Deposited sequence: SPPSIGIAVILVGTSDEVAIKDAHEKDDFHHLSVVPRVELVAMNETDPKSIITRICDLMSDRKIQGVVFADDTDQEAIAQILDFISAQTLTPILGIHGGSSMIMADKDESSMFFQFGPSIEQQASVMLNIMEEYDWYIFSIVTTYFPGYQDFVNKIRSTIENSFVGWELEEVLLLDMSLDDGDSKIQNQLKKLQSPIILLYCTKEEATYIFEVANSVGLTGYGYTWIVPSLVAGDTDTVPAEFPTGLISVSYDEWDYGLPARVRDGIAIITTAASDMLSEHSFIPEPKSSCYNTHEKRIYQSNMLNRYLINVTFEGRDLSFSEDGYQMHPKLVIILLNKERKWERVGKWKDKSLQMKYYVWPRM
């Protein structure tokens, strides 16, 4: 059977031996990468693309750098190469990906996480709340999902404040502090990056909004790597993490290889061709009337070993198994819930201190 070249890019420390466990067959190449700046990522993927006929990329990293997703989307869109953000900063949710993107992520959408957050609140009857976001993309999608959910519900929801903080400017005028001081709600939903949340919490503490009587609920990208807990994160912080526990990295890489291979097999089986992988990033301008996004109809609908590995048109996982986590007094993230097939199951009936 024909062979499709698949590059598996691993950033940081990982067990390559553990990781190493249709019409078309994959020729997998595990690639190690030390740096995650734009030049390093662009250069690595472009060098690999010229050395081998690379049909698709499986990317995994150990960082909390949500910018990796953005760098990858840009590469994916410019070169018309499927790229899967399966772990780390590469799987940190990228709202409004390019039209020409073939970038897909293992993780929940902003809208699904916002939904899970409200499911947690309904459980403990936390109907009075406020929202805080930065300009980080997806903030509009977050506020909108909350608003539309709350609007179309026979529940006593009360959204007291919605704050938008400008993290692109310095805080010499203490605008954030003056904005945060307006918060009165016992529950605060925060949408921003992990680096942004460290600052926000430092300030919110100075104004005394982090203690008991103030509960902060945050998305997956804020908690990020559960083994990296910024000192400024408040005790009793609730987050909606993607299951780094049960859905381990060797399984993700396997699934990522299956998606690219199945998609390729499916397109070859239906059109008697698959797109010829570009040998250059440096020719993308002249050779684009000959390139398409066509493989996306297939990459979005892959089922493997009775597991629906399908993605949304927006490039996020369709049915993830989410974990509800709580930052305890020993400053470690503790599992306190599970999100299944649109069902929430918590550990506690009475939320503890």
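*Asks:* Wait, which stretches of the deposited chain are just not there in the structure?
*Replies:* Model skips 1, 23-31, 364 of the deposited chain.
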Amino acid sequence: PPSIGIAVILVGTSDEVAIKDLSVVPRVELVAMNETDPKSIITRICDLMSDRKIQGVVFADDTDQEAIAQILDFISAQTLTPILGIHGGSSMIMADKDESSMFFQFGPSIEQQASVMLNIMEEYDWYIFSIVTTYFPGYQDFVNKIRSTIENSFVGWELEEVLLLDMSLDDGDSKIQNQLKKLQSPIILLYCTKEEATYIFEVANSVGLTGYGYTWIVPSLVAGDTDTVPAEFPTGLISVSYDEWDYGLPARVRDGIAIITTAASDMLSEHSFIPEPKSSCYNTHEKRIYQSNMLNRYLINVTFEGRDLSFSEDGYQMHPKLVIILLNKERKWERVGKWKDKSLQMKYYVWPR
From here on, numbers count along this sequence of modelled residues.
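*Asks:* Quick one: say whether 100-108 or 156-164 has the higher mean Cα B-factor in the deposited entry.
*Replies:* Looking at the record's C-alpha B-factors, the answer is 156-164.
*Asks:* If you average the CA temperature factors over each stretch, which comes out higher, 185-193 or 271-279?
*Replies:* Mean C-alpha B-factor is greater for 271-279.
*Asks:* If you rank the chain by CA B-factor, which third does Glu313 end up in: lowest, middle or highest?
*Replies:* For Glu313, whose C-alpha B-factor we compare with every modelled residue in the chain, the answer is the highest third.
*Asks:* Going by the recorded CA B-factors, say which third of the chain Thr63 sits in, lowest, middle or highest.
*Replies:* CA B-factor rank for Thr63: lowest third.
*Asks:* Sorting the chain's modelled residues by C-alpha B-factor, tell me whether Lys175 ends up in the lowest, middle or highest third.
*Replies:* As the PDB entry reports it, the C-alpha B-factor of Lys175 lands in the highest third of its chain.
*Asks:* Ranking every modelled residue in this chain by its Cα temperature factor as given in the entry, which third contains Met121?
*Replies:* Middle third.
*Asks:* Thinking about Cα B factors across the chain, which third does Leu221 belong to?
*Replies:* It falls in the bottom third of the chain.
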